[PDB]
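Chemist: Handing you a structure now.
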Amino acid sequence: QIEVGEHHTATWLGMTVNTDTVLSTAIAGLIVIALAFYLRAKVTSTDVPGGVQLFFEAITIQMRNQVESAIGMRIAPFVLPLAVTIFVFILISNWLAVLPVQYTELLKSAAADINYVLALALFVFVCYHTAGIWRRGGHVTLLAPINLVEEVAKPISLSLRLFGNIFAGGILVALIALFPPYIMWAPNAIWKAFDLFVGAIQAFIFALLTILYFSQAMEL
Amino acid sequence: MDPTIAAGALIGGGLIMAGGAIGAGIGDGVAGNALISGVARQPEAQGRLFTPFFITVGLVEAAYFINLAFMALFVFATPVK
Amino acid sequence: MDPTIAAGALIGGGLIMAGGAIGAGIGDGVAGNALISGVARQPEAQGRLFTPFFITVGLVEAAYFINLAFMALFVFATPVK
Amino acid sequence: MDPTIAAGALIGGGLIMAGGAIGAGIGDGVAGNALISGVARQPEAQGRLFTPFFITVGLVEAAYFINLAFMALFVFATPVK
Amino acid sequence: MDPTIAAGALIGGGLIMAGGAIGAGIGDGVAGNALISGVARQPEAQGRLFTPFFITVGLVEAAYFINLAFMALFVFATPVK
Amino acid sequence: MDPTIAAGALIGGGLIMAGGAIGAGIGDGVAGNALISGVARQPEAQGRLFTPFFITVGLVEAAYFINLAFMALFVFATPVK
Amino acid sequence: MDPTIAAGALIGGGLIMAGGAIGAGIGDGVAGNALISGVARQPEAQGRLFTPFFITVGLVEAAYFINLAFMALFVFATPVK
Amino acid sequence: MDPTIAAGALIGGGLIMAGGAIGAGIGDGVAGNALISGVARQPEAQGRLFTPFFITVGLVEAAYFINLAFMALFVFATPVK
Amino acid sequence: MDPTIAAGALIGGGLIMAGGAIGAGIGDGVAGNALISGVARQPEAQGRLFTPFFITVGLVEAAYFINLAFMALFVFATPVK
Amino acid sequence: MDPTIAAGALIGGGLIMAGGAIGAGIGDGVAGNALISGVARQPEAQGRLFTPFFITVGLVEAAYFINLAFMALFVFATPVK
Ligand SMILES: COc1cc([C@](O)(CCN(C)C)[C@@H](c2cc3cc(Br)ccc3nc2OC)c2cccc(OC)c2F)cc(OC)n1
Ligand SMILES: COc1cc([C@](O)(CCN(C)C)[C@@H](c2cc3cc(Br)ccc3nc2OC)c2cccc(OC)c2F)cc(OC)n1
Ligand SMILES: COc1cc([C@](O)(CCN(C)C)[C@@H](c2cc3cc(Br)ccc3nc2OC)c2cccc(OC)c2F)cc(OC)n1
Ligand SMILES: COc1cc([C@](O)(CCN(C)C)[C@@H](c2cc3cc(Br)ccc3nc2OC)c2cccc(OC)c2F)cc(OC)n1
Ligand SMILES: COc1cc([C@](O)(CCN(C)C)[C@@H](c2cc3cc(Br)ccc3nc2OC)c2cccc(OC)c2F)cc(OC)n1
Ligand SMILES: COc1cc([C@](O)(CCN(C)C)[C@@H](c2cc3cc(Br)ccc3nc2OC)c2cccc(OC)c2F)cc(OC)n1
Ligand SMILES: COc1cc([C@](O)(CCN(C)C)[C@@H](c2cc3cc(Br)ccc3nc2OC)c2cccc(OC)c2F)cc(OC)n1
């Protein structure tokens, strides 16, 4: 029968660590850096770009438009590279879940575990806090408590929306398994189709909220 | 005995998925109602209207799929016994 | 005592499809509202107005079908039993 | 005993038809609102405004009929038993 | 005790008429809000707005009437007894 | 013995009048909003707008009054004993 | 015997006041949005706008007051016993 | 026994405060939307608009405060005991 | 026996915070809609629009905080005991 | 015994999360409906519209996550036990 997301684990420094999540996030990272080397070797300028270059440049200028609309690029240029990895590292991190492995499968996405999204969201938090302190050291003072929550609810909602939006898939891939295999394919098909849309939209909103939260941090 | 907690887990998990579907479904309506109308006002604005649409959906659907996560914590992994 | 979790599964599954049909019925209503308005405005935009329509409806139906799948999990495969 | 399941179907089956009607009754209202205004703005549009209108009402009425069926399945089949 | 079924019919039948009244009540308002506006904008069109109005009210009142039928099946028949 | 039926009658009647006042209050509000907006735009229109207004308030108030009659039927005159 | 009927009276009275306050609090909020909007667009209209307004609120408040009376009847008079 | 009446009264007070909260919140939101819109469109209007705004808020808020009062009368001074 | 009063207080807190969040969230949404529309229509208004906005959000939030206070007054310092 | 409080925390917490998802998923939509429309009319305004947007969403999301905190407190840390 169905069970919640348990893990295989190993102890590396007194603390136990999940064997997958760390495996599938490494599989995502190596493919990302493999595309980075392959593009950097293939890179064009006077000649016509190939598929990987016209893809990654479309993402970099989409991020450039967003960051330069939000803040002057003279002030905060580093939020662009930080934003495109947050898009593409997360994008691949969801896409690999489309290929069939199950029989219980280890190959759940990196965001189907809360630790991954907590590390990313907490990193984004300390980064934008360092951005705020770097510029010097809301829109109404009397809202301090909400502006108090904002600093918790930004990383907590970032992590929780990324977790929930992907953890549901990690459950539904098991749910349709309970139906007869000779009829289970069609709902499995539809859901696999929708998986890409939610994975992409989720990577998109996390990157955009990262930019827009950074914009709000480094104000004045 | 356990069966009263397990009945409470099914009723209480059911509420989390009921309020989820109402909030998301209506949200992606009131947001989509502003997209379609936009693409009816300037039939060539669609391209950019996806940038604020998928932002609003990403905020709305979050309130549903965070509910769905916690519903699995209610239904399969009941924090109380 | 199986009947107590049985009744809990039925009330939970009932709530899941109550919230599902409200989210679906009102989301498609508010989306088709904008569809009819935009087709009354620019009758030639109909062919285009379906692509922002069948997205929202599409999205909305996700939050109905997922409730219909979880209703089947509560009712035909009750998790704790 | 078994009665505790019986009412569990009558209550849960009621909930399925409660959220069903709030889904249809509001949906057909908010879709119907956009047809009456359209026709109120140009009477010659009543010919073409039925093409989007009955689509939406189609989707909407599905979300009802499915709950209707499921109510019968609750009241005349009592699955969890 | 068998009287729990009766209580399940009264509570459950109560939901089938609670959801129906929210279906008709608002569904007819959101629909009439258009007719009162169409007759404000264009008085001589009052003759033709009654077709879109009685289609949309006809669909919305069907959700109430059907519900009222099943509520009578719940309370005067009690299928599961 | 009577008490579970008596509690079920009171809770069932409570649901019927809860849903009744929601259907009534919001439908009258949304109909009255178009009435006030028509009288805002056109002072000469008031006599024509009252027709559409009282048609829609009729269709609304019927649904509240029928709920009030069924709550009275549940609470004073329980059909199941 | 009697205390469980006392419960049904308190919960049923609570439902009646919950639905009354939702129907009324939103009703006035919607009918009032037309008054505020009309007086923004036309300061000169404030004299006429109070007649259609106070009709609508009246009808709305009737749904609150009738529910307030039936809650008092449930909790103080307790009909079934 | 009295504790069952205690739970009934507590759930009754919860329902009364819950429906009160929904009413007051959404009514203030909708009436406030028209106030913010009137002050956007007509920069001088804020003086006149506070009469329609505090009339409509005055009604809405009443439907809250009344539920608050009645809630205390339910929990501190349980009418049935 | 306290456990019944405990469950009553827990479901009462559940209702109070469910209603307060529906009210506050939708009130803040509907007030925020007018604020963004005002800033997108008259950008020169952006200084003044915070005034009406934080009046209306002030009223909408008050409805939350009170509830949040009283839910703690049910859950940690239960009135009935 | 304790299992009645346990179930009381799951149903109480389930309500908190249902109301949080309805309030927030709709708010984030009703606010977003502004944003999209703004960008559909004056794309040049996109950069400024995110300022009043994330103020309103900043309020709305807080009403979700405060509800998530109180549901978590109810279910993991049942205060009265
Ligand atoms: C007592 O049960 C009914 C049901 C129904 C309907 O469900 C409509 C309900 N609404 C009006 C609230 C209806 C229906 C189902 C649909 C299903 C999909 Br999927 C798509 C479009 C649909 N459109 C529909 O009609 C608009 C329907 C169903 C079955 C047989 C039917 O033939 C008699 C039939 F008409 C009507 C009815 O009238 C007495 N009684
Ligand atoms: C008896 O249960 C149904 C269900 C359904 C649907 O769920 C839609 C319900 N709405 C119309 C009220 C439907 C569906 C699922 C989706 C899922 C994702 Br993820 C994205 C888009 C989706 N779009 C969909 O259609 C718009 C669907 C589902 C399964 C098989 C299907 O093939 C028969 C099928 F059509 C229709 C139906 O008709 C009687 N009965
Ligand atoms: C029993 O208590 C009622 C009920 C009803 C109705 O069910 C509607 C309730 N609404 C007004 C709130 C009504 C009805 C059913 C419909 C069915 C479809 Br399918 C389509 C349109 C329909 N339209 C309808 O009315 C516009 C109806 C029903 C039966 C016999 C009837 O004739 C004696 C009759 F009128 C009216 C009423 O009047 C005081 N009392
Ligand atoms: C019994 O408690 C009431 C009820 C009622 C009403 O139900 C209205 C309730 N709403 C305003 C909250 C009312 C009514 C019934 C309708 C029936 C249909 Br079929 C169509 C339109 C209807 N419109 C109505 O009002 C315009 C009504 C009822 C009975 C006798 C009546 O005459 C003595 C009478 F007026 C009023 C009341 O006092 C204010 N107390
Ligand atoms: C005791 O608790 C209240 C109640 C009330 C009211 O119920 C209004 C409730 N809403 C504003 C929250 C009030 C009322 C009843 C109505 C009845 C119909 Br039939 C039509 C219009 C009505 N309009 C009303 O107010 C505009 C009312 C109550 C009793 C006697 C009355 O004198 C006849 C009376 F007017 C007011 C209040 O203090 C402000 N405290
Ligand atoms: C855990 O309890 C909270 C509460 C709150 C607020 O209620 C905001 C709630 N929504 C925005 C999510 C906040 C608040 C209370 C109000 C009271 C009135 Br009467 C009028 C306007 C009010 N506006 C407010 O902010 C919009 C608040 C509350 C208490 C003390 C406070 O100290 C001053 C305080 F600021 C925030 C929070 O973050 C964890 N936790
Ligand atoms: C104790 O919990 C509260 C309550 C309240 C209010 O109930 C407002 C509730 N809303 C904001 C959700 C408030 C109130 C009652 C009303 C009564 C009628 Br009949 C008509 C208009 C009314 N309007 C009101 O506010 C404009 C109120 C209450 C008591 C004394 C008061 O002082 C005279 C008082 F102002 C405010 C509050 O602030 C900490 N705490």
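Labels used: A, B, ... for chains in the order of the structure tokens, numbers from 1 for residues in each chain, and numbers from 1 for ligands as shown.
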Considering only C-alpha atoms, return as an NGL selection string whatever protein or nucleic-acid residues lie within 6 Å of residue E:27, sequence-local ones (same chain, fewer than 6 positions apart) excluded.
Modeler: (:D and (25-26 or 29)) or (:E and (60))
Chemist: Which residues of chain B have any atom within 12 Å of an atom in chain A when counting only C-alpha atoms, and what is the closest pair of atoms for each, with the distance in Å to one decimal? Order the rows by chain and rising number and write it as CSV.
Modeler:
residue,atom,partner,partner_atom,distance
B:17,CA,A:168,CA,12.0
B:48,CA,A:62,CA,11.5
B:50,CA,A:201,CA,10.6
B:51,CA,A:204,CA,9.4
B:52,CA,A:205,CA,10.0
B:53,CA,A:201,CA,10.4
B:54,CA,A:201,CA,6.6
B:55,CA,A:205,CA,5.8
B:56,CA,A:205,CA,8.9
B:57,CA,A:201,CA,8.6
B:58,CA,A:205,CA,6.0
B:59,CA,A:205,CA,8.1
B:60,CA,A:161,CA,9.9
B:61,CA,A:165,CA,7.8
B:62,CA,A:161,CA,5.1
B:63,CA,A:161,CA,7.7
B:64,CA,A:165,CA,8.4
B:65,CA,A:164,CA,4.9
B:66,CA,A:164,CA,4.5
B:67,CA,A:164,CA,7.6
B:68,CA,A:168,CA,6.5
B:69,CA,A:164,CA,5.3
B:70,CA,A:164,CA,8.3
B:71,CA,A:168,CA,9.9
B:72,CA,A:4,CA,7.4
B:73,CA,A:4,CA,7.9
B:74,CA,A:4,CA,10.7
B:75,CA,A:4,CA,9.6
B:76,CA,A:4,CA,6.4
B:77,CA,A:4,CA,6.9
B:78,CA,A:4,CA,10.7
Chemist: The selected residues should be written to file as a compact mmCIF listing (two decimals), in the first residue's frame (atoms: C-alpha atoms).
Modeler:
# COMPACT_ATOMS: atom_id res chain seq x y z
CA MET B 17 -8.44 19.19 0.09
CA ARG B 48 3.70 39.46 -22.47
CA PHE B 50 2.00 35.28 -19.66
CA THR B 51 4.65 36.96 -17.42
CA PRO B 52 2.05 38.30 -14.82
CA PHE B 53 -0.37 35.43 -15.38
CA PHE B 54 2.06 32.62 -14.46
CA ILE B 55 3.25 34.75 -11.50
CA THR B 56 -0.33 35.01 -10.11
CA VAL B 57 -1.05 31.29 -10.79
CA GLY B 58 2.24 30.41 -9.04
CA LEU B 59 1.02 32.34 -5.95
CA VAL B 60 -2.54 30.90 -6.13
CA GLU B 61 -1.83 27.23 -6.83
CA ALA B 62 0.74 27.37 -3.97
CA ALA B 63 -2.11 27.72 -1.44
CA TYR B 64 -3.59 24.47 -2.91
CA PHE B 65 -0.49 22.27 -3.23
CA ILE B 66 0.81 23.29 0.23
CA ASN B 67 -2.63 22.04 1.46
CA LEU B 68 -2.15 18.77 -0.52
CA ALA B 69 1.28 18.19 1.11
CA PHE B 70 -0.09 18.66 4.64
CA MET B 71 -3.10 16.47 3.65
CA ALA B 72 -0.69 13.54 3.08
CA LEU B 73 0.78 14.31 6.55
CA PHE B 74 -2.82 14.15 7.93
CA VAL B 75 -3.87 11.01 5.98
CA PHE B 76 -0.77 8.71 5.86
CA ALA B 77 1.47 10.04 8.70
CA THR B 78 -0.99 11.29 11.40
Chemist: Give me the residues within 7 Å of residue B:6 as a list in words, counting only C-alpha atoms and dropping any in the same chain fewer than 3 places off.
Modeler: residues 2, 3, 9 and 10 of chain B; 5 and 80 of chain C
Chemist: Those residues with C-alpha atoms, as a PDB file, in the first residue's frame please?
Modeler:
ATOM      1  CA  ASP B   2      -7.316   4.192  16.917  1.00  0.00           C
ATOM      2  CA  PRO B   3     -10.495   4.246  14.643  1.00  0.00           C
ATOM      3  CA  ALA B   9      -7.799  12.121   9.909  1.00  0.00           C
ATOM      4  CA  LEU B  10     -10.072  11.329   6.917  1.00  0.00           C
TER       5      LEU B  10
ATOM      6  CA  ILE C   5     -13.200   4.700   9.584  1.00  0.00           C
ATOM      7  CA  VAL C  80      -5.756   3.263   7.276  1.00  0.00           C
TER       8      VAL C  80
END
Chemist: Using atom CA of residue G:20 and atom 36 (C, counted along the ligand's line) of ligand 7 as the two end points, give the distance in Å to one decimal.
Modeler: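 Straight-line distance from atom CA of residue G:20 to atom 36 (C, counted along the ligand's line) of ligand 7 works out to 20.4 Å.
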Chemist: Counting only C-alpha atoms, which residues from chain F have an atom at most 12 Å from any atom of chain H, and could you show them as JSON, numbers by chain?
Modeler: {"F": [7, 11, 14, 15, 18, 19, 21, 22, 25, 26, 29, 30, 33]}
Chemist: Enter the distance from atom CA of residue A:89 to atom CA of residue A:119, in Å, rounded to one decimal.
Modeler: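 Taking atom CA of residue A:89 as the start and atom CA of residue A:119 as the end point, the length is 13.3 Å.
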Chemist: Please compute the atom 19 (Br, counted along the ligand's line) of ligand 7-atom CA of residue F:16 distance, one decimal, in Å.
Modeler: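 Between these atoms lies a distance of 26.7 Å.
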